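In their complex positions, the first chains:
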Amino acid sequence: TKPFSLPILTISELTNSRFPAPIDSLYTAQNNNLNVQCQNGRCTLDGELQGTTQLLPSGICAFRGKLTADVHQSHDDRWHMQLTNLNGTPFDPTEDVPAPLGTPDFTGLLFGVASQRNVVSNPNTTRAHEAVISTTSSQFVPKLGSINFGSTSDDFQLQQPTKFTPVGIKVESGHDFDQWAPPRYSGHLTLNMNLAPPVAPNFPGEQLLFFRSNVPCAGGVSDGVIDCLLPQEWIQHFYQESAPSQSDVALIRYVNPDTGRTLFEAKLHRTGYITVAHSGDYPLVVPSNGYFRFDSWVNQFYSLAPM
């Protein structure tokens, strides 16, 4: 009986589930048989988080732990960060997850700030400085329990609680940003495990619909595009509600509450993604006040009205 629903939230009240940023727009992409397999922002309609997904917006692309080595002699990313879980519990590499929850799920340079606060030696002395994590580095091995970051500052200490706060991406020669290629969580030559599955439209005339953000970039030419399948707020709502999925597809309608009219319809799939009936790359023209509403559960024969 318990009815499925979506939270009532406009575009400007939504957060990207793959990076801590407001959603800027909705976007549908032409089918180019690309492997869409992000690991953050993955959740079933009945509230089961998948991949590296966790509930905190503050946790997305963040790390926690401490520095155990300064390896400038052998690597440019000199600071070796031994990880814990974001809540501070010890990281268990035997957990059936691809990596610690919150780990970034794209290929490129993650720009942010690394900060420390000492606990015994010199209690409450602090520092923080810009830092860059390459998700493509040989030392990006979060599934093994560690990542490295580089920094222009020298002012970091070993064996002190450390946090990485993400801010944006960075583009430079030899480090192209690819939002659709997950990193190798256990390093080079090792395959990823426990991945949330690829998603694809498998109905004639349909395309994925994404919630798009343009995130900050610390130099380089980039539009900063990071597309997620579901807003973080939807994920948080599904986790709370745990409403049973009565079929594999929920029909949702985008509504303008002021005029009361439905602007278009879409399929929200049980495994946590959306398709629309459209052909071509297209940034959606929709009102500021509009939002999706659950309409009904539908079967495998249902065809969408063209959007």
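Cool, the structure landed. Numbers count the residues shown, from 1 in each chain, chains lettered A, B, ... in the order given.

Now do the buried residues in stretch A:288-300.
By neighbour count on 16 or more other C-beta atoms under 10 Å, the buried set for stretch A:288-300 is A:290, A:291, A:292, A:294, A:297, A:298. For the C-beta atoms, the positions are set from N, CA and C on the backbone; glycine is no exception.

Same question for stretch A:240-255.
A:241, A:243, A:245, A:249, A:250, A:251, A:252, A:253, A:254, A:255.

what does stretch A:162-169 give?
Per 16+ other C-beta under 10 Å, stretch A:162-169 contains these buried residues: A:162, A:163, A:164, A:166, A:167, A:168, A:169.

Can you list which of the buried residues of stretch A:240-255 are found in strands?
A:249, A:250, A:251, A:252, A:253, A:254, A:255 (DSSP state E).

okay, those in TSV with distance to residue A:90 next?
Putting these into TSV (distance: C-beta to C-beta, whole Å) gives the following:
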residue	distance to residue A:90
A:249	40
A:250	38
A:251	44
A:252	40
A:253	46
A:254	44
A:255	46
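
Which one of those is nearest to residue A:286?
residue A:254 (6.4 Å; C-beta to C-beta).

was I right about the closest one contacting residue A:263?
Yes: taking C-beta atoms under 8 Å as the definition, residue A:254 is a contact partner of residue A:263 at 4.7 Å.

which residues are in contact with both of the two?
Common neighbours of residue A:254 and residue A:263, using C-beta atoms under 8 Å, 6 or more residues apart in numbering, are A:286, A:290.

ok, which pair from the buried residues of stretch A:240-255 is furthest apart?
A:245 and A:255 (21.7 Å).

what sits against residue A:220?
A:170, A:171, A:172.

add one more, call it chain B:
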Amino acid sequence: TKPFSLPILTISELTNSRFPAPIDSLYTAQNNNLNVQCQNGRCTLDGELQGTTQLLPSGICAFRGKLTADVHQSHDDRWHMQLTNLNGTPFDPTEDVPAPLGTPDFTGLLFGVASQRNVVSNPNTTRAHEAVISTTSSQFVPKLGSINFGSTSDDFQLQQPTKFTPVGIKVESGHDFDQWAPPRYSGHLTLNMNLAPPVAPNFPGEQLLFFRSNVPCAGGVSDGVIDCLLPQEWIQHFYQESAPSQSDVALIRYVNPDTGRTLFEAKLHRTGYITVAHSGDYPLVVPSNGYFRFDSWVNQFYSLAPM
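Time to bring in chain B:
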């Protein structure tokens, strides 16, 4: 009829409503007749946001707009940032709010990153660098439509879309951090307006209960303490549910779901804060898996069990 409720979330699944950070602990403070009047993280139990409160964790202590001047000759905080609303709409200083929503509500130095992405001239060229905003500066006038930040980098452009992403605080001589003193949103010699009201316990033997975070600090001795009255997730839940407040106080119980037992009880007040029966400063001893549950609406005679 519609029942009031709280979201089911453990401490480590909660976000501070006054700074983008996980909640670290629960804390009750001795009554010292301090004016507790934060402006972020303010919401009634039936879902009415107050003060500068808005729904996005990404919006808390963030700014958006563009730089219109470089005033290094007259001020150390050289970069003059003309503000918009966080969603990009123009800031209306006649709105009945104390400042643009998301504006910080404490006295001290806010450390983060300022970033830019060009839109016409040199489309999609980008930069980002550490920046510091003094909420006590003569140029901190967010209610008038602008704030200034300082930066060690010189690499900023005028008339380009700019964002400030908060990361932490900074402590230095002559800039002590006071989480309980709101800034002067319209500058020196002007009083604040449209403030969410002060909160205080006004029942014998009661104290406020806070959700405490220790946020990053970019140098200085600081515990980084920022206490909020309600988690952001609770605020987001109340906004969605809009459950009527049947009296001025909801009795809530902190429960350990695994053992099934209630650990202590507290009063959750209609205007969005919590009291407990306790005497003294005290960091609460509670299980990792525990969370508050709504019990019942109570009247003005109800006395809490000692916590």
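
once more on the contacts of residue A:220, this time with chain B?
With contact set as C-beta atoms under 8 Å, 6 or more residues apart in numbering or on different chains, residue A:220 has these partners: A:170, A:171, A:172, B:126.

what about the first one, distance to chain B?
When C-beta to the nearest C-beta, to the nearest Å is applied, the distance between residue A:170 and chain B equals 8 Å.

Then residue A:60?
For residue A:60 relative to chain B (C-beta to the nearest C-beta), the value is 10 Å.

Residue A:235 too?
Taken as C-beta to the nearest C-beta, the span from residue A:235 to chain B is 12 Å.

Check the contacts of residue A:220 and tell me the two furthest apart.
Greatest spatial distance in those: A:172 and B:126, 11.4 Å, computed using C-beta to C-beta.

more crowded one of the two?
residue B:126 (23 against 13; other C-beta atoms under 10 Å in any protein chain shown).

ok now do the residue lying closest to the more buried one once chain neighbours are set aside, which residues does it touch?
Closest residue to residue B:126 apart from its sequence neighbours, by C-beta to C-beta, 6 or more residues apart in numbering or on different chains: residue A:217 at 3.9 Å. Taking C-beta under 8 Å, 6+ apart, we find residue A:217 in contact with A:111, A:168, A:169, A:170, A:171, A:224, B:115, B:117, B:126, B:128.

next one: phi and psi at the third one?
Main-chain torsions, residue A:169, degrees, to the nearest 10: phi -110, psi 180.

Which residues are in contact with it?
So residue A:169 contacts A:108, A:109, A:110, A:111, A:177, A:215, A:216, A:217, A:218, A:222, A:224 (C-beta under 8 Å, 6+ apart).

Of those residues, which belong to strands?
A:109, A:110, A:111.

Which positions in the stretch 151-300 of chain A make contact with chain B?
Selection of the stretch 151-300 of chain A residues close to chain B by C-beta under 8 Å from any C-beta of the partner chain yields A:163, A:165, A:167-168, A:171, A:214, A:216-224, A:233, A:236-237, A:240.
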